[PDB]
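S.K.: Below: one structure in C-alpha coordinates.
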Amino acid sequence: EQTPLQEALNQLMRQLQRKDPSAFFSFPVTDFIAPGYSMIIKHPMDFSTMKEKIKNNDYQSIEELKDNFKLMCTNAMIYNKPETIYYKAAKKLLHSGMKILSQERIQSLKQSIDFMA
Ligand SMILES: COc1cc(-c2cn(C)c(=O)c3cnccc23)c(OC)cc1CN(C)C
(Lines of atoms letter the chains of each structure in order from A and count residues from 1; the text may use other names and numbers.)
(Lines give C-alpha, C1' and ligand atoms only; values in the text may rest on other atoms or scores of the structure.)
Protein backbone atom coordinates (compact mmCIF):
# COMPACT_ATOMS: atom_id res chain seq x y z
CA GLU A 1 0.00 0.00 0.00
CA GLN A 2 1.43 3.33 -1.15
CA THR A 3 -0.07 6.81 -1.18
CA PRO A 4 -1.01 8.57 -4.44
CA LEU A 5 1.99 10.85 -3.87
CA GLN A 6 4.39 7.92 -3.45
CA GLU A 7 3.16 6.27 -6.66
CA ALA A 8 3.47 9.55 -8.55
CA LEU A 9 7.04 9.89 -7.25
CA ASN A 10 7.76 6.35 -8.44
CA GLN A 11 6.48 6.88 -11.98
CA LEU A 12 8.43 10.14 -12.17
CA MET A 13 11.52 8.27 -10.96
CA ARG A 14 11.01 5.58 -13.61
CA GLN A 15 10.97 8.25 -16.33
CA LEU A 16 14.01 10.03 -14.90
CA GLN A 17 16.00 6.79 -14.84
CA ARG A 18 14.94 6.20 -18.46
CA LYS A 19 17.20 9.19 -19.24
CA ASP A 20 20.24 7.46 -17.66
CA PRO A 21 20.70 4.19 -19.59
CA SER A 22 24.35 3.94 -18.51
CA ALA A 23 23.25 3.82 -14.83
CA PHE A 24 25.82 6.48 -13.90
CA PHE A 25 23.41 7.84 -11.28
CA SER A 26 21.75 4.64 -10.03
CA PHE A 27 23.89 4.17 -6.90
CA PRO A 28 26.01 6.31 -4.56
CA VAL A 29 29.44 7.45 -5.70
CA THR A 30 32.08 5.96 -3.41
CA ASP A 31 35.46 7.42 -2.53
CA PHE A 32 36.94 4.16 -3.83
CA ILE A 33 35.80 4.88 -7.40
CA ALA A 34 36.03 8.69 -7.08
CA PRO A 35 38.81 9.63 -4.65
CA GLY A 36 38.13 12.62 -2.43
CA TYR A 37 34.41 12.63 -3.24
CA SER A 38 33.24 12.83 0.38
CA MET A 39 35.57 15.81 0.93
CA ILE A 40 34.31 17.69 -2.15
CA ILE A 41 30.55 16.98 -2.23
CA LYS A 42 28.80 17.85 1.03
CA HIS A 43 25.33 16.48 0.11
CA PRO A 44 25.62 13.35 -2.04
CA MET A 45 22.54 12.17 -3.91
CA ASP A 46 21.64 9.34 -6.27
CA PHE A 47 18.63 7.53 -7.70
CA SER A 48 18.67 4.66 -5.19
CA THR A 49 18.72 7.10 -2.26
CA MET A 50 15.76 9.02 -3.70
CA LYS A 51 13.91 5.74 -4.24
CA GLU A 52 14.49 4.87 -0.58
CA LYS A 53 13.13 8.26 0.50
CA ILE A 54 10.00 7.57 -1.56
CA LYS A 55 9.68 4.12 0.03
CA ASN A 56 9.98 5.60 3.54
CA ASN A 57 7.46 8.41 2.82
CA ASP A 58 10.14 11.08 3.28
CA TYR A 59 8.99 13.41 0.48
CA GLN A 60 6.08 15.73 1.21
CA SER A 61 6.01 17.16 -2.33
CA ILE A 62 7.19 16.51 -5.88
CA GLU A 63 9.27 19.69 -5.57
CA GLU A 64 11.40 18.06 -2.86
CA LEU A 65 12.23 15.17 -5.20
CA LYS A 66 12.90 17.75 -7.91
CA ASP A 67 15.37 19.42 -5.54
CA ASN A 68 17.14 16.11 -4.87
CA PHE A 69 17.36 15.40 -8.61
CA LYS A 70 18.93 18.79 -9.34
CA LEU A 71 21.37 18.21 -6.47
CA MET A 72 22.45 14.84 -7.90
CA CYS A 73 23.17 16.41 -11.29
CA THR A 74 24.86 19.46 -9.76
CA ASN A 75 27.12 17.25 -7.63
CA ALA A 76 28.46 15.53 -10.75
CA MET A 77 29.12 18.91 -12.39
CA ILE A 78 31.15 20.02 -9.35
CA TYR A 79 33.24 16.90 -8.84
CA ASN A 80 33.84 16.16 -12.53
CA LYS A 81 35.48 18.53 -14.99
CA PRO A 82 33.45 19.99 -17.90
CA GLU A 83 34.88 17.64 -20.69
CA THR A 84 34.45 14.48 -18.74
CA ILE A 85 31.80 11.99 -19.72
CA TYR A 86 30.22 12.25 -16.27
CA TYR A 87 29.89 16.05 -16.43
CA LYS A 88 28.35 15.97 -19.91
CA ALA A 89 25.97 13.17 -18.92
CA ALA A 90 24.83 15.07 -15.82
CA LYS A 91 24.34 18.24 -17.88
CA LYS A 92 22.10 16.39 -20.35
CA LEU A 93 20.28 14.39 -17.66
CA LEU A 94 19.52 17.58 -15.72
CA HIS A 95 18.06 19.25 -18.82
CA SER A 96 16.01 16.15 -19.67
CA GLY A 97 14.84 15.79 -16.07
CA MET A 98 13.75 19.43 -15.85
CA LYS A 99 11.44 18.84 -18.82
CA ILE A 100 10.05 15.74 -17.09
CA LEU A 101 9.65 17.53 -13.73
CA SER A 102 8.20 20.62 -15.39
CA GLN A 103 5.72 22.82 -13.58
CA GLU A 104 3.14 21.76 -16.18
CA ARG A 105 3.50 18.08 -15.23
CA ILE A 106 3.71 18.79 -11.48
CA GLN A 107 0.39 20.66 -11.88
CA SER A 108 -1.46 17.72 -13.28
CA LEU A 109 -0.18 15.32 -10.64
CA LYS A 110 -1.01 17.66 -7.74
CA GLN A 111 -4.66 17.85 -8.81
CA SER A 112 -5.09 14.09 -9.28
CA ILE A 113 -3.26 13.53 -5.99
CA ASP A 114 -5.60 16.00 -4.27
CA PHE A 115 -8.63 14.33 -5.87
CA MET A 116 -7.67 10.95 -4.38
CA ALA A 117 -7.82 12.37 -0.84
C1 LIG B 1 31.09 4.28 -15.29
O2 LIG B 1 30.47 3.42 -14.37
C3 LIG B 1 30.04 4.03 -13.18
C4 LIG B 1 30.25 5.39 -12.96
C5 LIG B 1 29.81 5.97 -11.77
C6 LIG B 1 30.01 7.46 -11.49
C7 LIG B 1 28.80 8.34 -11.44
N8 LIG B 1 28.93 9.75 -11.16
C9 LIG B 1 27.74 10.59 -11.12
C10 LIG B 1 30.25 10.33 -10.93
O11 LIG B 1 30.36 11.49 -10.71
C12 LIG B 1 31.52 9.42 -10.98
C13 LIG B 1 32.80 9.97 -10.76
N14 LIG B 1 33.89 9.21 -10.79
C15 LIG B 1 33.81 7.91 -11.04
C16 LIG B 1 32.59 7.29 -11.27
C17 LIG B 1 31.40 8.06 -11.24
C18 LIG B 1 29.17 5.19 -10.82
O19 LIG B 1 28.72 5.79 -9.63
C20 LIG B 1 28.42 4.90 -8.59
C21 LIG B 1 28.96 3.84 -11.05
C22 LIG B 1 29.40 3.26 -12.23
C23 LIG B 1 29.17 1.77 -12.47
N24 LIG B 1 27.86 1.52 -13.05
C25 LIG B 1 27.93 0.38 -13.94
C26 LIG B 1 26.89 1.24 -12.00
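All residue numbers given for chain A refer to Swiss-Prot; the residues shown span 132-248 in order.
Per the header: X-ray crystallography, 2.0 Å.
Cβ from N, Cα, C; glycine included.
So Swiss-Prot has the following annotated:
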CROSSLNK  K186  SUMO2 cross-link
CROSSLNK  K197  SUMO2 cross-link
CROSSLNK  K201  SUMO2 cross-link
CROSSLNK  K212  SUMO2 cross-link
CROSSLNK  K241  SUMO2 cross-link
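If you look at the structure here, what lies around each of the features I listed?
M.R.: According to its DSSP assignment, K186 (SUMO2 cross-link) is helical. Listed in sequence order, the residues of the same chain lying 6 or more apart from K186 (SUMO2 cross-link) and placing their CB within less than 8 Å of its CB are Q137.
Neighbour list (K197 (SUMO2 cross-link), Cβ cut-off 8 Å, at least 6 residues apart, same chain): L232, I237.
Applying an 8 A CB threshold to same-chain residues 6+ apart, the list for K201 (SUMO2 cross-link) reads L225, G228, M229.
When secondary structure is read from DSSP and collapsed to three states, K212 (SUMO2 cross-link) falls in the coil class. In this view, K212 (SUMO2 cross-link) is surrounded by 9 other Cβ atoms within 10 Å of its Cβ, with every protein chain counted.
Sequence-distant contacts of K241 (SUMO2 cross-link), defined as residues of its own chain at least six apart whose C-beta falls under 8 angstroms from its C-beta, comprise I193. The DSSP secondary structure for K241 (SUMO2 cross-link) is helix.
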